[PDB]
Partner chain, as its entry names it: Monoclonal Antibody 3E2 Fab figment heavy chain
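Only one chain is shown below, in structure tokens, and it's the form deposited without the partner chain.
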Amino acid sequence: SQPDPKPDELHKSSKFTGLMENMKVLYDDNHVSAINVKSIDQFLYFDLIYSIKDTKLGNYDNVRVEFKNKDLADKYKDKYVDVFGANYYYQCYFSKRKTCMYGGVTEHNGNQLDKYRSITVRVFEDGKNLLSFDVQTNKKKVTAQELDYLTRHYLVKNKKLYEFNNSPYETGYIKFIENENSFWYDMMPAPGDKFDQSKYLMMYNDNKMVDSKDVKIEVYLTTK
């Protein structure tokens, strides 16, 4: 289990002077999504390269999925898997049209549910749970990344979580509770002049999974 964030631990959006669009866009309508596919190349020893066409916009024919370590790369190489990720293009390199992501991989066989499951998200604004809603998945074991993405996607459309210039919210974190054990991610960008998509998204490289049946999601936002 992970300790809840100490006061000044959380990133303050007022201390970020770049364009929030560069965070917003990671959680827009688009994302990497593939069903039942096998790695077809590898660049470095901790990544795998999948052949996935961006049918929608033509932005990529292949996808580099990057992991925290060799073991995760080894584990899923040769496996038939489902991919779901928030992807980046700017400082994305690997040896056509390309994109890059971290983690976001689950075994295909035996992970498919017959019906979609609902997971409740409770959104606290300055400590008041004034909005709740459900995200949905059809995977038994789902990555935190996918759930995070689905959650922020909604919140962008419906609460302007991220805008072009900045955000109405000063701080924000997303908490994943699974029984007793729990963890969280900082939803705001590191402080400074520019936002580093690659670095931010790297947090997903642990490929952390949760159980769709018994996970709950809490999101804590504070205003300025």
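Numbering follows the first chain given and starts at 1.
What comes next is about the form deposited with the partner chain bound, which does not appear here.
Undergrad: Answer with yes or no whether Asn207 is in contact with the partner chain in the entry with it bound, where contact means some heavy atom within 4.5 Å.
TA: Because no heavy atom of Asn207 falls inside 4.5 Å of the partner chain in the entry with it bound, the answer is no.
Undergrad: Consider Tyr50 of the chain shown here, and say whether it contacts the partner chain in the entry with it bound, taking contact as heavy atoms within 4.5 Å.
TA: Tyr50: no, not in contact with the partner chain in the entry with it bound.
Undergrad: Contact with the partner chain in the entry with it bound for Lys38, defined as at least one heavy atom pair within 4.5 Å: yes or no?
TA: Outside the cut-off, so no.
Undergrad: Using a 4.5 Å cut-off on heavy atoms, what residues in 145 to 166 are near the partner chain in the entry with it bound?
TA: Result: empty, none.
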